[PDB]
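The chain below stands alone and is given as structure tokens, in the form deposited in one PDB entry.
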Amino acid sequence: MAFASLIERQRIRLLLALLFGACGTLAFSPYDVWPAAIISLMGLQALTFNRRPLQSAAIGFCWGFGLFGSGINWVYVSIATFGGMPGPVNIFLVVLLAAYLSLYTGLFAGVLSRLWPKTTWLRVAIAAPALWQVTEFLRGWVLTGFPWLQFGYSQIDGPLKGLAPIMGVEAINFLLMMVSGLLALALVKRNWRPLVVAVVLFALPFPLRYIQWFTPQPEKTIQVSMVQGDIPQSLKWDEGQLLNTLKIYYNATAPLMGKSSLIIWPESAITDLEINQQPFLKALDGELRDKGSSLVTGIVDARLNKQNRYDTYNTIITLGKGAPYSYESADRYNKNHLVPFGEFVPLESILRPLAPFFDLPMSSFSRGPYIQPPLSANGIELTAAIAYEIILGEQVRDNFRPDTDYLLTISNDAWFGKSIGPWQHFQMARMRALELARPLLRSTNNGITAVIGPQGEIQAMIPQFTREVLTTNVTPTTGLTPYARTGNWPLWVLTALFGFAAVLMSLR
């Protein structure tokens, strides 16, 4: 009686919401405690029972602030080291970002309480997943979006991993929210109905992990090299850094020519405008072709548009065998989804002169097309996403092609130091290779450089913060997974009919 009465105090539920929210962060890399996601969601769903609507929104806000406050605070690293702002505003922006993200999880908990106030089996297993889908969709969409920390990504090695190739990661977000809601109902009402339903709903997708939607092509097996140039962020875009960077990347590549069919350099590895590097690129391209090797590398490219102005792109270019270099070549990719404040500054005229954080080197990029053809090298088809774009599962899936041999992502994660950010980023990358049943080549500056197999497994990786090259054999795969054929409109029809059924019963 006294114990139950203590838990139903509102100031206590808030404190418990921080702890239960923060606990979610342990589900993602580098911690990888996948049950922490179920614990964290049970907290969010149980802690909101039997509360007023605006009371429940306060609890849902604090849960997110525990989650995002402990999970994405690594943004502080990049803001502190390169932001050039005083201490208090630096942490104010980090708490500001974590508070903004928490609106979407507070909005979720408010709506769920007004429309479904009774702690029923319908509000936890039907209304909650659908409304979560909507609010999480809204979080990853408004103001360019930021869909970081979705619990489905923690199931990359867990029992739900067979579900991603069929409906994508957001279906795992859906099921985890649902199974966690039945467990939460099973405790508060001390009923075994929801427990047995939750354990079967959770266990049913386990045999899925054994379906191989893909077929490996061992005849196409190559040696690939990815050079981790380890250029320090503070010097990377300094003009005096360029010759050293070119020497590092070139010296690592020349001895592998004739041995590695494909060589990859990371995001904007060549830190100069493509048009200023034509003697280098031409000489390099001829050298690659004589030996039978192809190179894909990041670079910056300012290109003249229709209205006689320059659009500067964050771009990948290709060179060498089966991909002869030209400034007029179409074998290239321009980053489409730009990172806010790092690659473009909203309200540019107001914010640019405030602090170096709002005027970072090369923070004036344009956006390439949403859909772009694969890169082509040696006869290999590479679906490309640059850095952050690899976490956008639908966008990656929409650029995917049936004749894609590998997924390719190149990234520069040095902004985030030795924090957990690079590992969270790396983990989400792995979900794309599982969803689409292709290997993924990840070339980074110092971030996690690795080759990911067609089921999300780590085939190879080199350690962070070192100047080395990962050279390994990799094998393409062919074949279409259900999620490749569809994207996530099926999950959206489930979200719609659950959300419809749920809103119906609540209109009584």
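For the two forms, the rigid core is made up of the largest set of C-alpha atoms that agree within 1.5 Å on superposition. In this text, residue numbers run from 1 along the sequence as written.
One more form of this protein, deposited in another entry, exists but is not displayed; see below.
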Any idea which of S234, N191, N276, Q212 has its C-alpha shifted 2 Å or more between this form and the one not shown with the rigid core fixed?
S234
Tell me, please, whether between this form and the one not shown the C-alpha of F357 is shifted by 2 Å or more, with the rigid core used for superposition.
yes
After superposition on the rigid core, does the Cα atom of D403 shift by at least 2 Å between this form and the one not shown?
no
Threshold 2 Å Cα movement between this form and the one not shown for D290, core superposed
no
